[PDB]
Structure formats: C-alpha cells, structure tokens
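*Asks:* What follows is target_24.pdb; its format and atoms are PDB, C-alpha atoms and all ligand atoms.
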```pdb
MODEL        1
ATOM      1  CA  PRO P 561     -29.806   9.734 -15.460
ATOM      2  CA  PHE P 562     -31.044   6.115 -15.336
ATOM      3  CA  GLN P 563     -32.972   4.333 -12.555
ATOM      4  CA  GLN P 564     -33.902   5.972  -9.247
ATOM      5  CA  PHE P 565     -31.955   3.297  -7.313
ATOM      6  CA  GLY P 566     -28.536   3.228  -5.668
ATOM      7  CA  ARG P 567     -26.441   0.800  -3.654
ATOM      8  CA  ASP P 568     -23.218   0.530  -1.640
ATOM      9  CA  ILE P 569     -20.797  -2.164  -0.465
ATOM     10  CA  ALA P 570     -23.218  -3.517   2.164
ATOM     11  CA  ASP P 571     -26.096  -3.793  -0.358
ATOM     12  CA  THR P 572     -28.176  -1.216   1.546
ATOM     13  CA  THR P 573     -29.481   1.728  -0.469
ATOM     14  CA  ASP P 574     -27.671   5.030   0.086
ATOM     15  CA  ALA P 575     -28.685   7.407  -2.725
ATOM     16  CA  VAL P 576     -31.954   7.400  -4.682
ATOM     17  CA  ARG P 577     -34.118   9.706  -6.778
ATOM     18  CA  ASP P 578     -37.769  10.585  -6.279
ATOM     19  CA  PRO P 579     -40.386   9.109  -8.637
ATOM     20  CA  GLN P 580     -42.538  12.197  -9.155
ATOM     21  CA  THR P 581     -39.755  14.808  -9.243
ATOM     22  CA  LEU P 582     -36.094  14.659 -10.315
ATOM     23  CA  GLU P 583     -34.288  15.652  -7.114
ATOM     24  CA  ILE P 584     -31.425  13.482  -5.875
ATOM     25  CA  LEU P 585     -31.731  12.060  -2.362
ATOM     26  CA  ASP P 586     -29.215  10.661   0.125
ATOM     27  CA  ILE P 587     -30.455   8.004   2.555
ATOM     28  CA  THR P 588     -28.742   7.421   5.875
ATOM     29  CA  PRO P 589     -29.977   5.472   8.932
ATOM     30  CA  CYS P 590     -30.566   7.971  11.711
ATOM     31  CA  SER P 591     -28.745   8.351  15.030
ATOM     32  CA  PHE P 592     -27.596   4.905  16.159
ATOM     33  CA  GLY P 593     -25.254   4.138  19.033
ATOM     34  CA  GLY P 594     -25.044   1.702  21.910
ATOM     35  CA  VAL P 595     -26.136   1.845  25.530
ATOM     36  CA  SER P 596     -23.648   0.755  28.181
ATOM     37  CA  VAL P 597     -25.173   0.475  31.655
ATOM     38  CA  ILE P 598     -22.447   1.522  34.098
ATOM     39  CA  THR P 599     -23.620  -0.004  37.337
ATOM     40  CA  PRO P 600     -22.435  -1.119  40.764
ATOM     41  CA  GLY P 601     -23.762  -4.344  42.259
ATOM     42  CA  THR P 602     -27.469  -4.796  42.903
ATOM     43  CA  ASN P 603     -27.181  -4.944  46.688
ATOM     44  CA  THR P 604     -25.039  -1.821  47.084
ATOM     45  CA  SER P 605     -27.357   0.324  44.932
ATOM     46  CA  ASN P 606     -29.798   0.377  42.028
ATOM     47  CA  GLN P 607     -28.820   3.691  40.402
ATOM     48  CA  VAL P 608     -26.970   3.258  37.100
ATOM     49  CA  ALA P 609     -25.338   5.531  34.499
TER
ATOM     50  CA  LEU X 909      33.655   3.146  31.576
ATOM     51  CA  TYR X 910      35.290   5.692  33.891
ATOM     52  CA  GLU X 911      38.242   6.104  31.502
ATOM     53  CA  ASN X 912      36.180   6.154  28.272
ATOM     54  CA  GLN X 913      33.080   8.013  29.479
ATOM     55  CA  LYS X 914      33.200  10.741  26.818
ATOM     56  CA  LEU X 915      33.672   8.206  24.016
ATOM     57  CA  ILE X 916      30.760   6.118  25.318
ATOM     58  CA  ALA X 917      28.535   9.199  25.491
ATOM     59  CA  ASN X 918      29.489  10.126  21.920
ATOM     60  CA  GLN X 919      28.727   6.612  20.659
ATOM     61  CA  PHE X 920      25.390   6.558  22.501
ATOM     62  CA  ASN X 921      24.344   9.926  21.058
ATOM     63  CA  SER X 922      25.409   8.791  17.581
ATOM     64  CA  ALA X 923      23.409   5.570  17.975
ATOM     65  CA  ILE X 924      20.306   7.513  19.022
ATOM     66  CA  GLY X 925      20.741   9.784  16.010
ATOM     67  CA  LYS X 926      21.134   6.787  13.703
ATOM     68  CA  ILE X 927      18.027   5.052  15.049
ATOM     69  CA  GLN X 928      16.068   8.305  14.682
ATOM     70  CA  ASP X 929      17.268   8.579  11.075
ATOM     71  CA  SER X 930      16.268   4.960  10.432
ATOM     72  CA  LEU X 931      12.816   5.627  11.895
ATOM     73  CA  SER X 932      12.590   8.709   9.636
ATOM     74  CA  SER X 933      13.283   6.668   6.472
ATOM     75  CA  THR X 934      10.460   4.164   5.893
ATOM     76  CA  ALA X 935       7.449   2.716   7.690
ATOM     77  CA  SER X 936       8.612  -0.848   6.945
ATOM     78  CA  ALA X 937      10.510  -0.736  10.245
ATOM     79  CA  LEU X 938       7.142  -0.784  12.021
ATOM     80  CA  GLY X 939       6.047  -3.856  10.075
ATOM     81  CA  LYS X 940       4.352  -5.424  13.112
ATOM     82  CA  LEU X 941       1.987  -2.629  14.173
ATOM     83  CA  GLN X 942       1.076  -1.985  10.523
ATOM     84  CA  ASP X 943      -0.017  -5.631  10.576
ATOM     85  CA  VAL X 944      -1.856  -5.735  13.924
ATOM     86  CA  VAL X 945      -3.987  -2.852  12.622
ATOM     87  CA  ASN X 946      -4.243  -3.954   8.963
ATOM     88  CA  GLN X 947      -5.421  -7.463   9.857
ATOM     89  CA  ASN X 948      -8.241  -6.218  12.091
ATOM     90  CA  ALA X 949      -9.197  -3.568   9.527
ATOM     91  CA  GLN X 950      -9.273  -6.196   6.774
ATOM     92  CA  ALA X 951     -11.318  -8.549   8.970
ATOM     93  CA  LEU X 952     -13.910  -5.837   9.589
ATOM     94  CA  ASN X 953     -13.887  -4.904   5.892
ATOM     95  CA  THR X 954     -14.522  -8.503   4.806
ATOM     96  CA  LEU X 955     -17.216  -8.838   7.470
ATOM     97  CA  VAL X 956     -18.987  -5.802   5.998
ATOM     98  CA  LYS X 957     -18.959  -7.314   2.496
ATOM     99  CA  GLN X 958     -20.714 -10.482   3.722
TER
HETATM  100  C1  LIG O1001     -45.694  15.186 -10.773
HETATM  101  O1  LIG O1001     -45.064  16.041  -9.805
HETATM  102  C2  LIG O1001     -43.979  16.816 -10.335
HETATM  103  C3  LIG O1001     -43.376  17.574  -9.175
HETATM  104  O2  LIG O1001     -44.356  18.334  -8.481
HETATM  105  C4  LIG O1001     -44.490  17.730 -11.445
HETATM  106  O3  LIG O1001     -43.396  18.447 -12.005
HETATM  107  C5  LIG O1001     -45.183  16.906 -12.522
HETATM  108  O4  LIG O1001     -45.760  17.767 -13.498
HETATM  109  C6  LIG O1001     -46.272  16.033 -11.907
HETATM  110  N1  LIG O1001     -46.888  15.193 -12.923
HETATM  111  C7  LIG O1001     -48.198  15.208 -13.192
HETATM  112  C8  LIG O1001     -49.029  16.154 -12.377
HETATM  113  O5  LIG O1001     -48.691  14.489 -14.055
HETATM  114  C1  LIG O1002     -23.119  -7.070  48.656
HETATM  115  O1  LIG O1002     -23.038  -7.446  50.042
HETATM  116  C2  LIG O1002     -21.755  -7.932  50.449
HETATM  117  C3  LIG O1002     -21.900  -8.408  51.876
HETATM  118  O2  LIG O1002     -22.455  -9.716  51.931
HETATM  119  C4  LIG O1002     -20.733  -6.817  50.293
HETATM  120  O3  LIG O1002     -19.450  -7.297  50.677
HETATM  121  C5  LIG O1002     -20.703  -6.352  48.844
HETATM  122  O4  LIG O1002     -19.813  -5.249  48.718
HETATM  123  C6  LIG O1002     -22.101  -5.951  48.360
HETATM  124  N1  LIG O1002     -22.069  -5.652  46.938
HETATM  125  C7  LIG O1002     -21.484  -4.562  46.428
HETATM  126  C8  LIG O1002     -21.525  -4.434  44.937
HETATM  127  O5  LIG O1002     -20.947  -3.718  47.138
ENDMDL
END
```
Please lay out the structure from this file as structure tokens.

*Replies:*
Amino acid sequence: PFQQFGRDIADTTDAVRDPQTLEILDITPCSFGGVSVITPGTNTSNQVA
Amino acid sequence: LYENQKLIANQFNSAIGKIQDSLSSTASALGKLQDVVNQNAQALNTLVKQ
C-alpha cells in the first residue's frame, strides 16, 4: 500500500504502481537474446546463418 | 573362472544390485557433480548481486 516503487536482487525495478491510478504493474525487459553468425570462411562464401 | 563361473556371475549380479541400492540411498555419493554445478551456479549468483 506504500510507495509505487519496487526492486529485485539486481537493483533493477520489476514491479511498480501507477501514479494517477492504483493498478499494479510488472516491468520486464522485452525480448532479448544473442545473435550467433554461423559462417564459413570469407573466400568460400559470404552467406551466413 | 571356468570352474567357478556361476559363483562369479552371482557375485557380479549381487555387486550390481548393491551399487544400485547405494545410488538409490543418498545424493552424497555424487558429491563431485553436485559441486561442479553448485560452484558455477554460485558464481553466477554472486555475479548477479554485484
Ligand atoms: C486521476 O486519474 C484517475 C484514473 O483515471 C482518476 O480516478 C482520478 O480521479 C484522477 N484525478 C483527478 C482527475 O484529479
Ligand atoms: C580459401 O582458399 C583456400 C585456397 O587458397 C582454400 O583451401 C580454403 O578452403 C578457402 N577457404 C574456405 C573457408 O574454404
């Protein structure tokens, strides 16, 4: 019922509450992954995956 | 061996049963794997908290 702020282990906000209304909100960084260029050598080809 | 083959087979089967029973008793037998995973997990956990 107190402040509109929340925290986690990594000190990055996860759950908050709106200022104007009183609805609870969950914050989560959107789709994040990692590219991994699967490639042969430059001279044999340039197409990658 | 060729005179005591049945006895050797019985002892081998009994030993396999005993080692299976020992493996079905506690996880402390696998005290090495439960460390190779728990050390990396703890390292990642303490890296997160930094
Ligand atoms: C602020 O917005 C909330 C949600 O729409 C509303 O309930 C509240 O009455 C508003 N406050 C005002 C207009 O002072
Ligand atoms: C690049 O050329 C050499 C010939 O000089 C060839 O042996 C090699 O396979 C080529 N690179 C790749 C990734 O195939």

*Asks:* Counting all atoms listed in the file, name the residues that have an atom within 9 Å of an atom of ligand LIG 1002 (chain O); the answer should be given as a JSON list (two decimals) with C-alpha atoms, in the coordinates of the input.

*Replies:*
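Once written, pocket24.json looks like this:
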```json
[["chain", "number", "residue", "atom", "x", "y", "z"],
["P", 600, "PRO", "CA", -22.44, -1.12, 40.76],
["P", 601, "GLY", "CA", -23.76, -4.34, 42.26],
["P", 602, "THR", "CA", -27.47, -4.80, 42.90],
["P", 603, "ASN", "CA", -27.18, -4.94, 46.69],
["P", 604, "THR", "CA", -25.04, -1.82, 47.08],
["P", 605, "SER", "CA", -27.36, 0.32, 44.93]]
```

*Asks:* Report as a PyMOL selection string the full result of the PyMOL selection byres ((chain X) within 9 of (chain P)) when it is applied to this structure.

*Replies:* chain X and resi 956-958

*Asks:* What are the nearest atom pairs, with distances in Å to one decimal, for all residues of chain P that come at most 8 Å from ligand LIG 1001 (chain O), using only C-alpha atoms and all ligand atoms, set out by chain and rising residue number as a tab-separated table?

*Replies:*
```
residue	atom	partner	partner_atom	distance
P:580	CA	O:LIG1001	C1	4.6
P:581	CA	O:LIG1001	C3	4.6
P:582	CA	O:LIG1001	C3	7.9
```

*Asks:* Using only C-alpha atoms, please write the residues we just selected to a file, as an mmCIF file, in the frame of the given file.

*Replies:*
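To be explicit, this is the file written out as result.cif:
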```
data_model
loop_
_atom_site.group_PDB
_atom_site.id
_atom_site.type_symbol
_atom_site.label_atom_id
_atom_site.label_comp_id
_atom_site.auth_asym_id
_atom_site.auth_seq_id
_atom_site.Cartn_x
_atom_site.Cartn_y
_atom_site.Cartn_z
ATOM 1 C CA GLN P 580 -42.538 12.197 -9.155
ATOM 2 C CA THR P 581 -39.755 14.808 -9.243
ATOM 3 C CA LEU P 582 -36.094 14.659 -10.315
#
```

*Asks:* Leaving out residue 609 (chain P) and any residue of its chain fewer than 3 positions from it, which residues lie within 12 Å of it when counting all atoms listed in the file, given as number ranges by chain?

*Replies:* P: 595-600, 605-606

*Asks:* Pull C-alpha atoms from the residues just selected and write them as a compact mmCIF listing (two decimals), in the coordinates of the input.

*Replies:*
```txt
# COMPACT_ATOMS: atom_id res chain seq x y z
CA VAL P 595 -26.14 1.84 25.53
CA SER P 596 -23.65 0.76 28.18
CA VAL P 597 -25.17 0.48 31.66
CA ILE P 598 -22.45 1.52 34.10
CA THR P 599 -23.62 0.00 37.34
CA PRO P 600 -22.44 -1.12 40.76
CA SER P 605 -27.36 0.32 44.93
CA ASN P 606 -29.80 0.38 42.03
```

*Asks:* For residue 574 (chain P), work out the shell of residues within 12 Å, counting only C-alpha atoms and skipping chain neighbours fewer than 5 positions away, then give it as a list in words.

*Replies:*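 Counting only the stated atoms, we get residues 564, 565, 566, 567, 568, 569, 584, 585, 586, 587, 588 and 589 of chain P.
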
*Asks:* Using Å and a single decimal, report how far CA of residue 948 (chain X) sits from CA of residue 573 (chain P).

*Replies:*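 CA of residue 573 (chain P) sits 25.9 Å away from CA of residue 948 (chain X).
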
*Asks:* By how many Å are CA of residue 594 (chain P) and CA of residue 945 (chain X) apart?

*Replies:* 23.5 Å

*Asks:* Could you tell me how far CA of residue 911 (chain X) lies from CA of residue 925 (chain X), in Å and to one decimal?

*Replies:* 23.7 Å

*Asks:* Would you fill the gaps in region 916-944 of chain X so it has N, CA and C atoms, then print it as a PDB file, keeping the file's coordinate frame?

*Replies:*
```pdb
ATOM      1  N   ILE X 916      32.010   6.862  25.196  1.00  0.00           N
ATOM      2  CA  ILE X 916      30.760   6.118  25.318  1.00  0.00           C
ATOM      3  C   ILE X 916      29.566   7.039  25.116  1.00  0.00           C
ATOM      4  N   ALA X 917      29.616   8.241  25.693  1.00  0.00           N
ATOM      5  CA  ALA X 917      28.535   9.199  25.491  1.00  0.00           C
ATOM      6  C   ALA X 917      28.402   9.576  24.020  1.00  0.00           C
ATOM      7  N   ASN X 918      29.531   9.800  23.342  1.00  0.00           N
ATOM      8  CA  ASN X 918      29.489  10.126  21.920  1.00  0.00           C
ATOM      9  C   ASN X 918      28.875   8.991  21.110  1.00  0.00           C
ATOM     10  N   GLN X 919      29.282   7.749  21.387  1.00  0.00           N
ATOM     11  CA  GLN X 919      28.727   6.612  20.659  1.00  0.00           C
ATOM     12  C   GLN X 919      27.236   6.457  20.925  1.00  0.00           C
ATOM     13  N   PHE X 920      26.807   6.680  22.169  1.00  0.00           N
ATOM     14  CA  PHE X 920      25.390   6.558  22.501  1.00  0.00           C
ATOM     15  C   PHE X 920      24.569   7.622  21.776  1.00  0.00           C
ATOM     16  N   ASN X 921      25.050   8.868  21.774  1.00  0.00           N
ATOM     17  CA  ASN X 921      24.344   9.926  21.058  1.00  0.00           C
ATOM     18  C   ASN X 921      24.287   9.634  19.563  1.00  0.00           C
ATOM     19  N   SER X 922      25.393   9.145  18.995  1.00  0.00           N
ATOM     20  CA  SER X 922      25.409   8.791  17.581  1.00  0.00           C
ATOM     21  C   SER X 922      24.427   7.665  17.283  1.00  0.00           C
ATOM     22  N   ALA X 923      24.342   6.674  18.174  1.00  0.00           N
ATOM     23  CA  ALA X 923      23.409   5.570  17.975  1.00  0.00           C
ATOM     24  C   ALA X 923      21.964   6.049  18.034  1.00  0.00           C
ATOM     25  N   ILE X 924      21.656   6.957  18.963  1.00  0.00           N
ATOM     26  CA  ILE X 924      20.306   7.513  19.022  1.00  0.00           C
ATOM     27  C   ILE X 924      19.993   8.282  17.746  1.00  0.00           C
ATOM     28  N   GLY X 925      20.951   9.078  17.265  1.00  0.00           N
ATOM     29  CA  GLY X 925      20.741   9.784  16.010  1.00  0.00           C
ATOM     30  C   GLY X 925      20.513   8.841  14.844  1.00  0.00           C
ATOM     31  N   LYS X 926      21.287   7.756  14.784  1.00  0.00           N
ATOM     32  CA  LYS X 926      21.134   6.787  13.703  1.00  0.00           C
ATOM     33  C   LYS X 926      19.780   6.092  13.763  1.00  0.00           C
ATOM     34  N   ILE X 927      19.322   5.721  14.962  1.00  0.00           N
ATOM     35  CA  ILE X 927      18.027   5.052  15.049  1.00  0.00           C
ATOM     36  C   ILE X 927      16.901   6.026  14.720  1.00  0.00           C
ATOM     37  N   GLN X 928      17.052   7.304  15.084  1.00  0.00           N
ATOM     38  CA  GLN X 928      16.068   8.305  14.682  1.00  0.00           C
ATOM     39  C   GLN X 928      16.032   8.458  13.166  1.00  0.00           C
ATOM     40  N   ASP X 929      17.204   8.481  12.530  1.00  0.00           N
ATOM     41  CA  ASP X 929      17.268   8.579  11.075  1.00  0.00           C
ATOM     42  C   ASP X 929      16.619   7.366  10.418  1.00  0.00           C
ATOM     43  N   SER X 930      16.881   6.175  10.963  1.00  0.00           N
ATOM     44  CA  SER X 930      16.268   4.960  10.432  1.00  0.00           C
ATOM     45  C   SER X 930      14.754   4.990  10.577  1.00  0.00           C
ATOM     46  N   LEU X 931      14.252   5.465  11.718  1.00  0.00           N
ATOM     47  CA  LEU X 931      12.816   5.627  11.895  1.00  0.00           C
ATOM     48  C   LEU X 931      12.232   6.687  10.970  1.00  0.00           C
ATOM     49  N   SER X 932      13.034   7.671  10.558  1.00  0.00           N
ATOM     50  CA  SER X 932      12.590   8.709   9.636  1.00  0.00           C
ATOM     51  C   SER X 932      12.903   8.377   8.181  1.00  0.00           C
ATOM     52  N   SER X 933      12.984   7.092   7.833  1.00  0.00           N
ATOM     53  CA  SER X 933      13.283   6.668   6.472  1.00  0.00           C
ATOM     54  C   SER X 933      12.105   5.956   5.818  1.00  0.00           C
ATOM     55  N   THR X 934      11.581   4.907   6.448  1.00  0.00           N
ATOM     56  CA  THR X 934      10.460   4.164   5.893  1.00  0.00           C
ATOM     57  C   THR X 934       9.618   3.605   7.029  1.00  0.00           C
ATOM     58  N   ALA X 935       8.352   3.324   6.723  1.00  0.00           N
ATOM     59  CA  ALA X 935       7.449   2.716   7.690  1.00  0.00           C
ATOM     60  C   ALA X 935       7.638   1.211   7.811  1.00  0.00           C
ATOM     61  N   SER X 936       8.402   0.594   6.905  1.00  0.00           N
ATOM     62  CA  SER X 936       8.612  -0.848   6.945  1.00  0.00           C
ATOM     63  C   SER X 936       9.324  -1.303   8.210  1.00  0.00           C
ATOM     64  N   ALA X 937       9.966  -0.388   8.939  1.00  0.00           N
ATOM     65  CA  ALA X 937      10.510  -0.736  10.245  1.00  0.00           C
ATOM     66  C   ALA X 937       9.398  -1.163  11.193  1.00  0.00           C
ATOM     67  N   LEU X 938       8.288  -0.424  11.197  1.00  0.00           N
ATOM     68  CA  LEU X 938       7.142  -0.784  12.021  1.00  0.00           C
ATOM     69  C   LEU X 938       6.242  -1.757  11.274  1.00  0.00           C
ATOM     70  N   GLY X 939       6.808  -2.879  10.832  1.00  0.00           N
ATOM     71  CA  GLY X 939       6.047  -3.856  10.075  1.00  0.00           C
ATOM     72  C   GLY X 939       5.125  -4.720  10.908  1.00  0.00           C
ATOM     73  N   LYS X 940       5.205  -4.626  12.235  1.00  0.00           N
ATOM     74  CA  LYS X 940       4.352  -5.424  13.112  1.00  0.00           C
ATOM     75  C   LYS X 940       3.061  -4.686  13.454  1.00  0.00           C
ATOM     76  N   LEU X 941       3.175  -3.424  13.878  1.00  0.00           N
ATOM     77  CA  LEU X 941       1.987  -2.629  14.173  1.00  0.00           C
ATOM     78  C   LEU X 941       1.132  -2.422  12.932  1.00  0.00           C
ATOM     79  N   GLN X 942       1.765  -2.125  11.798  1.00  0.00           N
ATOM     80  CA  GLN X 942       1.076  -1.985  10.523  1.00  0.00           C
ATOM     81  C   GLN X 942       0.467  -3.299  10.052  1.00  0.00           C
ATOM     82  N   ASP X 943       0.711  -4.388  10.777  1.00  0.00           N
ATOM     83  CA  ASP X 943      -0.017  -5.631  10.576  1.00  0.00           C
ATOM     84  C   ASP X 943      -1.083  -5.881  11.628  1.00  0.00           C
ATOM     85  N   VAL X 944      -0.828  -5.573  12.902  1.00  0.00           N
ATOM     86  CA  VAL X 944      -1.856  -5.735  13.924  1.00  0.00           C
ATOM     87  C   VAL X 944      -3.046  -4.818  13.678  1.00  0.00           C
TER      88      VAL X 944
END
```
